[PDB]
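Enquirer: my complex, first installment, coordinates as in the assembly:
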Amino acid sequence: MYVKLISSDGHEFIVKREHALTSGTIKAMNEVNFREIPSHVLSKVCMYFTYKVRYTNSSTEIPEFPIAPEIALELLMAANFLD
Amino acid sequence: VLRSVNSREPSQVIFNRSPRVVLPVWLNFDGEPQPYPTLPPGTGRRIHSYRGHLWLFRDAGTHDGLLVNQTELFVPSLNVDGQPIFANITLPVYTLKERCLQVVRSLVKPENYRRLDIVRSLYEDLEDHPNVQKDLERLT
Amino acid sequence: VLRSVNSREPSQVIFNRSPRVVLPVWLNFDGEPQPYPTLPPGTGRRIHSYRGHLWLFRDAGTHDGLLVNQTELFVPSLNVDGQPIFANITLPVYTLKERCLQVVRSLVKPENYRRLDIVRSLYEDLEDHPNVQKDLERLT
């Protein structure tokens, strides 16, 4: 099952509902629009969900969650926005 | 309260599965912390310790918390068949907020924290670093 | 060659009298250097070692050579009346050349050494970032 997340630049991200619900904020907010989250941040938010899901309590050693510095600041906003 | 049991019974341990420079810290017989030699990413060390001794692991630079054997604290048990105990050190599930904050504490010098374009509480979250002593009150 | 003897006979030692952060190194049974926990300016530790084990001391930032009891190397002895052996760690009286090189080495990023208004051999002097393995070779 899925939900739709739409970036500020109108990119629509469709993700596993469960992956989306990871966010306290998304739980708060099924086609969410993010007028303040452009598609590069949102895609990485989705990568973080995918990452958190796949590596949360996984037998394979946990690689660091790579974050690009430029998006680190916007993604920090999205992280602080999303929680 | 969290002060190592003076058993004097040896226990060998094998100590890092994280992208951190692990700092092992021992809590002494009186409860005061003592730092031990650091372990780079992927490195092993065979070390000598003792039964009922309280170990914890941090990042050596930024003081962040790191897990050992998927838990926050480690104690050596008995070396059954003479085999050294394994201490598999890994990253915890850090929040998306903190995974971002790590990054902010590492780029900006503390003096410029109150100059950032954010509400007061996010300054007060920046200035409350991974203080080990406050985690000992949490563990107590 | 230079390596700790596996005597298995214990010794207690007191380990700083400098304005530097000291890094102790133990030379293992195989002769390979294993670093131990640092001592900040003026600090002490009482430590446990063994008779015929080989210790030396460097700086924690620059890898500079430091003295222990005026000698470059230290070896634990038998604890007469149970009293811990005193390892008084100090600076040497460096050459004024080496003292000037330290200051330049620690301030300037290495890529820019070949960019400095000095004679060519001083680049070669600067580019010895005081190598411990070379000093093991020197002492051999």
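Expert: It's in. Numbering: from 1, shown residues only, chains lettered A, B, ... in the order given.
Enquirer: Stretch B:17-31 vs chain C: in contact?
Expert: No: judged by Cβ under 8 Å from any Cβ of the partner chain, stretch B:17-31 stays clear of chain C, getting no closer than 9.9 Å. (C-beta placed from N, C-alpha, C; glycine too.)
Enquirer: I'd guessed residue A:75 sits against residue A:46; true?
Expert: No: counting by Cβ atoms under 8 Å, residue A:46 is not a contact partner of residue A:75; they are 11.1 Å apart.
Enquirer: Those two - which one has more neighbours?
Expert: residue A:75 (27 against 18; other Cβ atoms under 10 Å in any protein chain shown).
Enquirer: right, and the helix or strand after the helix or strand harbouring residue B:121?
Expert: Element membership for residue B:121 (DSSP states H and E) is helix B:120-126. Downstream of helix B:120-126, the next assigned helix or strand under DSSP H and E is helix B:132-139.
Enquirer: middle-most residue in chain A, spatially?
Expert: residue A:45 (2.2 Å; Cα atoms, centre = their mean).
Enquirer: Tell me how many other residues surround residue A:27.
Expert: 11.
Enquirer: Residue B:120 now?
Expert: 8.
Enquirer: How about the contacts made by it?
Expert: Listed by Cβ atoms under 8 Å, 6 or more residues apart in numbering or on different chains, the contact set of residue B:120 is empty.
Enquirer: Ok, residue A:7 next?
Expert: A:13, A:34, A:37, A:38, A:39, A:41, A:42.
Enquirer: Which part of chain A gets nearest to chain C, residue-wise?
Expert: residue A:69 (21.0 Å; Cβ to the nearest Cβ).
Enquirer: please slot chain D in as well:
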Amino acid sequence: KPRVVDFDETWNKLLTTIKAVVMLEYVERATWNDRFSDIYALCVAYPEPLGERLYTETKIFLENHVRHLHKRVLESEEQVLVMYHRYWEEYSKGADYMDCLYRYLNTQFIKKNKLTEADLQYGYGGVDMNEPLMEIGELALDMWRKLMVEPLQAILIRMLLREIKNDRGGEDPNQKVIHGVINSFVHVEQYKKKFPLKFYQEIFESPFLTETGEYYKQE
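Expert: Now chain D, sitting on the chains shown earlier:
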């Protein structure tokens, strides 16, 4: 890119959903798509959060929503059992949907700025502008307690005690209303970690044991 949205869009849409709040269709689908897209844009609006302006008008609206509901119960003191309770439900279901929706404001603005209730009681401040900067659901329930339960308590208690005394006498009073009114005394302090049942015990249970004793003593 992280940006600012003005409170007028976010808030009045919010206000509408906090009034419509008796239902969660607008939470599950409309708040995911529409409602939160407005308020989330603003809550930690990139250059400055209008989360403070939003919290203030949200609180004033909740106070006015609760006072509108309170008025309807203050004159309708018999209805105190039905209406102070059912209004507690519409508004508290609201506090829940408000908090589904508001989990962003609640987390990103309110909790980051949230001074502890002890800090505000012993002389410190910067949250209790008009009610403490609590989660909207906690704020809603705090407002319900302060504006609905606390003023109507003597009537609510008296009626419940009479209806139950009549039940002991063999009459069949409205059981669902009675249970719901009683549950409201419990939920209005559910946010207090030190004693989530104190209000219910002092305000309802103590009077209730007393009237029950007098009933069985006579029986």
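Enquirer: Chain D added, so what about the neighbour count of residue A:27 now?
Expert: 17.
Enquirer: quick one: contacts for the residue sitting furthest away from the middle of chain B?
Expert: Ranked by distance from the centre of chain B (Cα atoms, centre = their mean), the top residue is residue B:117, with 31.1 Å. Shown in contact with residue B:117 (Cβ under 8 Å, 6+ apart): residue D:47.
Enquirer: Over to residue A:19?
Expert: A:46, A:49, A:50, A:53.
Enquirer: Most neighbours of all those, which one?
Expert: residue A:49 leads the contacts of residue A:19 on contacts (other Cβ under 10 Å) with 22 neighbours.
Enquirer: Now that one: closest residue in space that isn't a chain neighbour?
Expert: Using Cβ to Cβ, 6 or more residues apart in numbering or on different chains and skipping the chain neighbours, the partner closest in space to residue A:49 is residue A:19 (4.0 Å).
Enquirer: measure the one you found to residue A:3 for me?
Expert: 9 Å (Cβ to Cβ, to the nearest Å).
Enquirer: Leaving out the residues flanking it, which one is nearest to the residue of chain B found nearest chain D?
Expert: Closest to chain D within chain B is residue B:121: 3.6 Å, counting by Cβ to the nearest Cβ. Counting by Cβ to Cβ, 6+ apart, residue B:121 lies nearest to residue D:112, which is 3.6 Å off, once chain neighbours are set aside.
Enquirer: quick one: the longest helix along chain D near chain A?
Expert: Across chain D, the longest stretch assigned as helix under DSSP state H is helix D:51-74. No: using Cβ under 8 Å from any Cβ, helix D:51-74 stays clear of chain A, coming no nearer than 10.9 Å.
Enquirer: then add chain E to what we have above:
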Amino acid sequence: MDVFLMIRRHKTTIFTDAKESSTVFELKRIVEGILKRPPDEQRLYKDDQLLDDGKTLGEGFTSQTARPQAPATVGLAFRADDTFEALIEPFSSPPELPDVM
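Expert: Take a look at chain E, now in place beside the chains above:
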């Protein structure tokens, strides 16, 4: 082994995990569950390469190339009646780093 993807088509993107052993067609069913478009109306690409319905995602989507934290792109092009639209509005670029970073 889980393979983490971004199924991208013009302004569409699908963040989802699928198995390394799963097929392109099964991914199109997932996309159907998502965009309400049937698989025959979908062309999936591994990044921008057209994938056949019977191919496994492993046949370059591997758990370590299609990673959770760095998912591979699965191009998607929908079929407008008989043919597929041209294969991805890229994601927007981030702003420049402030001097202090």
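Enquirer: again for the contacts of residue B:120, since chain E is there now?
Expert: Contacts of residue B:120 (Cβ under 8 Å, 6+ apart): D:113, D:126.
Enquirer: quick one: buried residues of whichever strand or helix holds residue D:199?
Expert: According to DSSP H and E, residue D:199 maps onto helix D:198-200. The neighbour-count check on helix D:198-200 (16 or more other Cβ atoms under 10 Å in any protein chain shown) flags D:199, D:200 as buried.
Enquirer: so what does it touch, helix or strand wise?
Expert: helix D:175-187 (3 or more Cβ pairs under 8 Å, 6 or more residues apart in numbering or on different chains; DSSP states H and E).
Enquirer: for the helix it packs on, which positions count as buried?
Expert: So helix D:175-187, judged by 16+ other Cβ under 10 Å, has buried residues D:177, D:178, D:180, D:181, D:182, D:184, D:185, D:187.
Enquirer: Next up, the contacts around whatever residue of chain E ends up closest to chain D.
Expert: For chain E, the residue closest to chain D is residue E:95, as judged by Cβ to the nearest Cβ, at 6.6 Å. Counting by Cβ under 8 Å, 6+ apart, residue E:95 touches A:70, A:74, D:1.
Enquirer: try 7 Å this time
Expert: Counting by Cβ atoms under 7 Å, 6 or more residues apart in numbering or on different chains, residue E:95 makes contact with residue D:1.
Enquirer: Look up the closest residue to whichever residue of chain E sits closest to chain B, ignoring the ones flanking it.
Expert: Going by Cβ to the nearest Cβ, chain B is nearest to residue E:101 of chain E, at 5.5 Å. Distances taken as Cβ to Cβ, 6+ apart put residue B:107 closest to residue E:101, at 5.5 Å, once the chain neighbours are dropped.
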